[PDB]
Amino acid sequence: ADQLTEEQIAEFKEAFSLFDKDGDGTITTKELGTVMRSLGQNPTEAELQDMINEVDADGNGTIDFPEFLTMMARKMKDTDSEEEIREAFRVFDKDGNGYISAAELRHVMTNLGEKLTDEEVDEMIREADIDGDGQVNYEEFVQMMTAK
Amino acid sequence: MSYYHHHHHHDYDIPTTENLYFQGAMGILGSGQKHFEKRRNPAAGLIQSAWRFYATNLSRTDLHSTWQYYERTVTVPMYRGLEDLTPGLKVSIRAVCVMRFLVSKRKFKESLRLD
Ligand SMILES: [Ca+2]
Ligand SMILES: [Ca+2]
Ligand SMILES: [Ca+2]
Ligand SMILES: [Ca+2]
C-alpha cells in the first residue's frame, strides 16, 4: 500500500554501481570474489557460490538489479520490521520476564550457531556498555541495531 | 575428596563426539523445550552475523582509527578528491556481510527441519 522508498533505493543503486566491475551491467560470482578481495577477504569459491544462493527467483547465475535490490531490501525488512531480531533475542529468555542472565548469554552465543571467541563476545557487551550484574535487557540491542 | 560434584556419578569423564550417529535416545529435560532448541539455531546465527555486520560500520571520525589507517595505506585507491565522505565503503562491507546473514537464515532454517 505505502509507496516504495526512493531514498533507501539510492543506497542500493550505489552498491550495485560499485559491485559491477567487468562492466556488463550485472553482478556474477567471480565479481563478488573481486569485491571480497578488495575488502581484504579471500573466501573459498564454494563459499562465494553458496552465499549467492538466496538471491534469484529463476537462478540466472548473475544478479540483476531487482534481485540485488531484494538482497539489499531484505535486510531493510528486518530493520523496518524489527520483529525478527526482537523474537530472535526472545527465544533465549530462560525466565520469561524480559531480562536475561549474563552467564546464560555467553555460552549460547559462543558455542552455538555461528561460533565466536570470547574476544568477539566482549565487543557486544562492552561497546553497548552493558552492566556487570546478571540482568541484561535485550530491547536496547534491537534499538541500537535499528535507531541509527 | 568426600564431596561429589555430580550426584549420579555415571562415569569419571564425559566423552563428546561430533557425529550424530544412526540411533540415539532423545532424552528428557522437558520435551517441549526442544521446540525452542530447533528455533534457537537460526536466532543464534542471525544475532552473531548481525553483530559482525554492525561492527564494520561502528565508527569513522574518532574510533576505527586502525581501520582508517589500513584503508588509507592501500595502493589501489585514488586520491578521494570528488567526495569527502566514504559511505560507499561502509555500504560495500555491510552488503557482503548480509549475504552470509541471509544464507545462514536459509541454512539454519534447514537445521530447524532435521531432514
Ligand atoms: Ca559484471
Ligand atoms: Ca533472476
Ligand atoms: Ca527474562
Ligand atoms: Ca545488567
# chains A, B, ... in the order shown; residues from 1 in each chain; ligands from 1
>>> select_by_dssp(residues="chain A", states="strand (DSSP E)", output="JSON, numbers by chain")
{"A": [27, 28, 62, 63, 99, 100, 101, 135, 136, 137]}
>>> write_last_selection(atoms="N, CA and C atoms", output="PDB file, in the first residue's frame")
ATOM      1  N   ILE A  27      25.968  -8.532 -11.857  1.00  0.00           N
ATOM      2  CA  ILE A  27      26.985  -8.941 -10.896  1.00  0.00           C
ATOM      3  C   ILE A  27      27.073 -10.456 -10.815  1.00  0.00           C
ATOM      4  N   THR A  28      28.175 -11.075 -11.279  1.00  0.00           N
ATOM      5  CA  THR A  28      28.348 -12.526 -11.192  1.00  0.00           C
ATOM      6  C   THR A  28      29.240 -12.941 -10.018  1.00  0.00           C
ATOM      7  N   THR A  62      23.870 -14.674 -12.295  1.00  0.00           N
ATOM      8  CA  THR A  62      24.352 -13.311 -12.294  1.00  0.00           C
ATOM      9  C   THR A  62      23.206 -12.532 -11.700  1.00  0.00           C
ATOM     10  N   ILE A  63      23.484 -11.454 -10.950  1.00  0.00           N
ATOM     11  CA  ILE A  63      22.483 -10.787 -10.135  1.00  0.00           C
ATOM     12  C   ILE A  63      22.038  -9.484 -10.783  1.00  0.00           C
ATOM     13  N   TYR A  99      14.402 -10.038  31.103  1.00  0.00           N
ATOM     14  CA  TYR A  99      15.778  -9.770  31.494  1.00  0.00           C
ATOM     15  C   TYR A  99      16.532 -11.087  31.390  1.00  0.00           C
ATOM     16  N   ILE A 100      17.694 -11.072  30.747  1.00  0.00           N
ATOM     17  CA  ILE A 100      18.469 -12.296  30.576  1.00  0.00           C
ATOM     18  C   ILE A 100      19.768 -12.283  31.375  1.00  0.00           C
ATOM     19  N   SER A 101      20.039 -13.388  32.061  1.00  0.00           N
ATOM     20  CA  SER A 101      21.245 -13.518  32.870  1.00  0.00           C
ATOM     21  C   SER A 101      22.526 -13.547  32.037  1.00  0.00           C
ATOM     22  N   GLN A 135      21.381  -9.281  35.252  1.00  0.00           N
ATOM     23  CA  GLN A 135      20.273  -8.826  34.424  1.00  0.00           C
ATOM     24  C   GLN A 135      20.804  -7.967  33.267  1.00  0.00           C
ATOM     25  N   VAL A 136      20.547  -8.420  32.038  1.00  0.00           N
ATOM     26  CA  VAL A 136      20.863  -7.688  30.835  1.00  0.00           C
ATOM     27  C   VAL A 136      19.544  -7.620  30.064  1.00  0.00           C
ATOM     28  N   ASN A 137      19.060  -6.426  29.636  1.00  0.00           N
ATOM     29  CA  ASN A 137      17.899  -6.357  28.749  1.00  0.00           C
ATOM     30  C   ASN A 137      18.356  -6.435  27.298  1.00  0.00           C
TER      31      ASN A 137
END
>>> residues_near_ligand(ligand="ligand 3", cutoff="6 Å", atoms="only C-alpha atoms and all ligand atoms", output="compact mmCIF listing (two decimals) with N, CA and C atoms, in the first residue's frame")
# COMPACT_ATOMS: atom_id res chain seq x y z
N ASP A 93 15.16 -16.39 26.34
CA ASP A 93 14.87 -15.94 27.70
C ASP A 93 14.38 -17.11 28.56
N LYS A 94 15.28 -17.55 29.44
CA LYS A 94 15.09 -18.59 30.43
C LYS A 94 13.91 -18.38 31.40
N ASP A 95 13.70 -17.16 31.90
CA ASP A 95 12.61 -16.90 32.84
C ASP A 95 11.28 -16.30 32.31
N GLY A 96 11.24 -15.76 31.08
CA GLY A 96 10.01 -15.17 30.57
C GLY A 96 9.64 -13.73 30.96
N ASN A 97 10.48 -13.07 31.75
CA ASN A 97 10.22 -11.69 32.18
C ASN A 97 10.96 -10.54 31.46
N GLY A 98 11.66 -10.78 30.34
CA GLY A 98 12.39 -9.71 29.67
C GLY A 98 13.83 -9.38 30.09
N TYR A 99 14.40 -10.04 31.10
CA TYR A 99 15.78 -9.77 31.49
C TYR A 99 16.53 -11.09 31.39
N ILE A 100 17.69 -11.07 30.75
CA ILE A 100 18.47 -12.30 30.58
C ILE A 100 19.77 -12.28 31.37
>>> interface_residues(of="chain B", to="chain A", cutoff="6 Å", atoms="only C-alpha atoms", output="NGL selection string")
:B and (41 or 43-45 or 99-100 or 103)
>>> write_last_selection(atoms="C-alpha atoms", output="CSV table (one decimal), in the first residue's frame")
chain,number,residue,atom,x,y,z
B,41,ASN,CA,19.8,-22.2,15.9
B,43,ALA,CA,18.3,-17.0,16.1
B,44,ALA,CA,21.9,-17.6,17.3
B,45,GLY,CA,23.3,-17.4,13.8
B,99,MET,CA,24.8,-12.5,2.1
B,100,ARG,CA,26.2,-14.6,5.0
B,103,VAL,CA,22.2,-17.7,3.7
>>> select_by_dssp(residues="chain B", states="helix (DSSP H, G or I)", output="JSON, numbers by chain")
{"B": [33, 34, 35, 36, 37, 38, 39, 40, 41, 42, 43, 44, 45, 46, 47, 48, 49, 50, 51, 52, 53, 54, 55, 56, 65, 66, 67, 68, 69, 70, 71, 72, 73, 87, 88, 89, 90, 91, 92, 93, 94, 95, 96, 97, 98, 99, 100, 101, 102, 103, 104, 105, 106, 107, 108, 109, 110, 111, 112, 113]}
>>> residues_near_ligand(ligand="ligand 1", cutoff="7 Å", atoms="only C-alpha atoms and all ligand atoms", output="number ranges by chain")
A: 20-28, 31
>>> residues_near_ligand(ligand="ligand 2", cutoff="10 Å", atoms="only C-alpha atoms and all ligand atoms", output="PDB file with C-alpha atoms, in the first residue's frame")
ATOM      1  CA  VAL A  55      19.107 -14.007  -4.471  1.00  0.00           C
ATOM      2  CA  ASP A  56      17.224 -15.155  -7.589  1.00  0.00           C
ATOM      3  CA  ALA A  57      13.709 -16.469  -8.309  1.00  0.00           C
ATOM      4  CA  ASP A  58      14.911 -18.113 -11.547  1.00  0.00           C
ATOM      5  CA  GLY A  59      18.611 -18.861 -10.686  1.00  0.00           C
ATOM      6  CA  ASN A  60      20.281 -16.935 -13.534  1.00  0.00           C
ATOM      7  CA  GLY A  61      23.939 -17.101 -12.236  1.00  0.00           C
ATOM      8  CA  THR A  62      24.352 -13.311 -12.294  1.00  0.00           C
ATOM      9  CA  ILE A  63      22.483 -10.787 -10.135  1.00  0.00           C
ATOM     10  CA  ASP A  64      20.054  -8.360 -11.822  1.00  0.00           C
ATOM     11  CA  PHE A  65      19.006  -5.098 -10.027  1.00  0.00           C
ATOM     12  CA  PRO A  66      15.644  -6.102  -8.530  1.00  0.00           C
ATOM     13  CA  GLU A  67      17.193  -9.349  -7.235  1.00  0.00           C
ATOM     14  CA  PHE A  68      20.181  -7.305  -5.946  1.00  0.00           C
TER      15      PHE A  68
END
>>> residues_near_ligand(ligand="ligand 4", cutoff="7 Å", atoms="only C-alpha atoms and all ligand atoms", output="number ranges by chain")
A: 130-136
>>> atom_distance(atom1="atom CA of residue B:34", atom2="atom CA of residue B:48")
21.4 Å
>>> residues_around(residues="stretch 86-90 of chain B", least_positions_apart="3", cutoff="7 Å", atoms="only C-alpha atoms", output="PDB file with C-alpha atoms, in the first residue's frame")
ATOM      1  CA  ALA A  15      26.178  -0.544  -4.050  1.00  0.00           C
TER       2      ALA A  15
ATOM      3  CA  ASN B  57      30.402   0.287  10.335  1.00  0.00           C
ATOM      4  CA  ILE B  93      31.431  -4.168   3.513  1.00  0.00           C
ATOM      5  CA  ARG B  94      27.994  -4.405   5.164  1.00  0.00           C
TER       6      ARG B  94
END
>>> residues_around(residues="residue B:110", least_positions_apart="4", cutoff="12 Å", atoms="only C-alpha atoms", output="number ranges by chain")
B: 38-39, 41-42, 103-106, 114-115
>>> decode(residues="stretch 13-45 of chain A", atoms="N, CA and C atoms", output="mmCIF file, in the first residue's frame")
data_model
loop_
_atom_site.group_PDB
_atom_site.id
_atom_site.type_symbol
_atom_site.label_atom_id
_atom_site.label_comp_id
_atom_site.auth_asym_id
_atom_site.auth_seq_id
_atom_site.Cartn_x
_atom_site.Cartn_y
_atom_site.Cartn_z
ATOM 1 N N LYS A 13 21.373 1.219 -5.240
ATOM 2 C CA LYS A 13 21.883 1.565 -6.558
ATOM 3 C C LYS A 13 23.376 1.924 -6.586
ATOM 4 N N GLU A 14 23.871 2.688 -5.590
ATOM 5 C CA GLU A 14 25.295 2.935 -5.415
ATOM 6 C C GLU A 14 26.096 1.668 -5.151
ATOM 7 N N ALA A 15 25.586 0.767 -4.281
ATOM 8 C CA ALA A 15 26.178 -0.544 -4.050
ATOM 9 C C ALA A 15 26.260 -1.402 -5.307
ATOM 10 N N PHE A 16 25.182 -1.425 -6.115
ATOM 11 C CA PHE A 16 25.122 -2.079 -7.410
ATOM 12 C C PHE A 16 26.161 -1.520 -8.401
ATOM 13 N N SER A 17 26.267 -0.175 -8.454
ATOM 14 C CA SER A 17 27.243 0.553 -9.253
ATOM 15 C C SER A 17 28.688 0.249 -8.914
ATOM 16 N N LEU A 18 29.022 0.203 -7.607
ATOM 17 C CA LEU A 18 30.316 -0.257 -7.123
ATOM 18 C C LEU A 18 30.621 -1.725 -7.409
ATOM 19 N N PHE A 19 29.660 -2.632 -7.172
ATOM 20 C CA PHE A 19 29.815 -4.077 -7.295
ATOM 21 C C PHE A 19 30.079 -4.629 -8.698
ATOM 22 N N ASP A 20 29.408 -4.110 -9.756
ATOM 23 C CA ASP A 20 29.736 -4.483 -11.130
ATOM 24 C C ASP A 20 31.117 -3.937 -11.538
ATOM 25 N N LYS A 21 32.033 -4.798 -12.026
ATOM 26 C CA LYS A 21 33.394 -4.375 -12.271
ATOM 27 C C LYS A 21 33.938 -4.800 -13.613
ATOM 28 N N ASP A 22 33.416 -5.880 -14.226
ATOM 29 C CA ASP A 22 33.698 -6.176 -15.627
ATOM 30 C C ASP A 22 32.862 -5.273 -16.547
ATOM 31 N N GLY A 23 31.803 -4.669 -15.970
ATOM 32 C CA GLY A 23 31.060 -3.556 -16.527
ATOM 33 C C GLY A 23 29.972 -3.946 -17.484
ATOM 34 N N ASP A 24 29.413 -5.148 -17.330
ATOM 35 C CA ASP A 24 28.397 -5.676 -18.204
ATOM 36 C C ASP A 24 26.982 -5.364 -17.719
ATOM 37 N N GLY A 25 26.841 -4.717 -16.541
ATOM 38 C CA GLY A 25 25.565 -4.266 -16.002
ATOM 39 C C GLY A 25 24.969 -5.211 -15.006
ATOM 40 N N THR A 26 25.664 -6.315 -14.690
ATOM 41 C CA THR A 26 25.135 -7.364 -13.834
ATOM 42 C C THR A 26 26.265 -7.987 -13.044
ATOM 43 N N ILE A 27 25.968 -8.532 -11.857
ATOM 44 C CA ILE A 27 26.985 -8.941 -10.896
ATOM 45 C C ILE A 27 27.073 -10.456 -10.815
ATOM 46 N N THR A 28 28.175 -11.075 -11.279
ATOM 47 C CA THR A 28 28.348 -12.526 -11.192
ATOM 48 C C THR A 28 29.240 -12.941 -10.018
ATOM 49 N N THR A 29 29.366 -14.265 -9.760
ATOM 50 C CA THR A 29 30.059 -14.849 -8.602
ATOM 51 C C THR A 29 31.517 -14.451 -8.482
ATOM 52 N N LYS A 30 32.256 -14.445 -9.603
ATOM 53 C CA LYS A 30 33.648 -14.013 -9.633
ATOM 54 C C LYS A 30 33.846 -12.517 -9.358
ATOM 55 N N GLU A 31 32.890 -11.648 -9.748
ATOM 56 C CA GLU A 31 32.843 -10.257 -9.317
ATOM 57 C C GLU A 31 32.642 -10.078 -7.822
ATOM 58 N N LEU A 32 31.769 -10.891 -7.192
ATOM 59 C CA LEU A 32 31.639 -10.914 -5.743
ATOM 60 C C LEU A 32 32.942 -11.285 -5.036
ATOM 61 N N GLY A 33 33.683 -12.282 -5.562
ATOM 62 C CA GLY A 33 35.041 -12.598 -5.121
ATOM 63 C C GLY A 33 36.014 -11.452 -5.281
ATOM 64 N N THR A 34 35.923 -10.721 -6.409
ATOM 65 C CA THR A 34 36.675 -9.497 -6.700
ATOM 66 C C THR A 34 36.395 -8.371 -5.705
ATOM 67 N N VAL A 35 35.112 -8.155 -5.344
ATOM 68 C CA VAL A 35 34.705 -7.278 -4.255
ATOM 69 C C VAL A 35 35.269 -7.714 -2.906
ATOM 70 N N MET A 36 35.196 -9.020 -2.574
ATOM 71 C CA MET A 36 35.739 -9.567 -1.342
ATOM 72 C C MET A 36 37.237 -9.370 -1.143
ATOM 73 N N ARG A 37 38.017 -9.577 -2.199
ATOM 74 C CA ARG A 37 39.464 -9.359 -2.143
ATOM 75 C C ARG A 37 39.776 -7.881 -1.863
ATOM 76 N N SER A 38 38.987 -6.999 -2.471
ATOM 77 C CA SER A 38 39.121 -5.552 -2.326
ATOM 78 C C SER A 38 38.756 -5.082 -0.922
ATOM 79 N N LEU A 39 38.088 -5.951 -0.146
ATOM 80 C CA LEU A 39 37.794 -5.785 1.263
ATOM 81 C C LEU A 39 38.731 -6.645 2.121
ATOM 82 N N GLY A 40 39.808 -7.198 1.517
ATOM 83 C CA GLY A 40 40.855 -7.951 2.206
ATOM 84 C C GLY A 40 40.504 -9.376 2.551
ATOM 85 N N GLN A 41 39.459 -9.946 1.931
ATOM 86 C CA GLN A 41 38.954 -11.261 2.272
ATOM 87 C C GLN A 41 39.108 -12.161 1.051
ATOM 88 N N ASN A 42 39.683 -13.375 1.180
ATOM 89 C CA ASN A 42 39.758 -14.308 0.057
ATOM 90 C C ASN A 42 38.993 -15.607 0.368
ATOM 91 N N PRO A 43 37.660 -15.594 0.524
ATOM 92 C CA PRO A 43 36.870 -16.799 0.759
ATOM 93 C C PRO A 43 37.003 -17.850 -0.333
ATOM 94 N N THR A 44 36.698 -19.114 -0.001
ATOM 95 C CA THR A 44 36.701 -20.241 -0.926
ATOM 96 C C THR A 44 35.664 -20.049 -2.027
ATOM 97 N N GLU A 45 35.930 -20.532 -3.259
ATOM 98 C CA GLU A 45 34.989 -20.441 -4.368
ATOM 99 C C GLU A 45 33.605 -21.031 -4.095
#
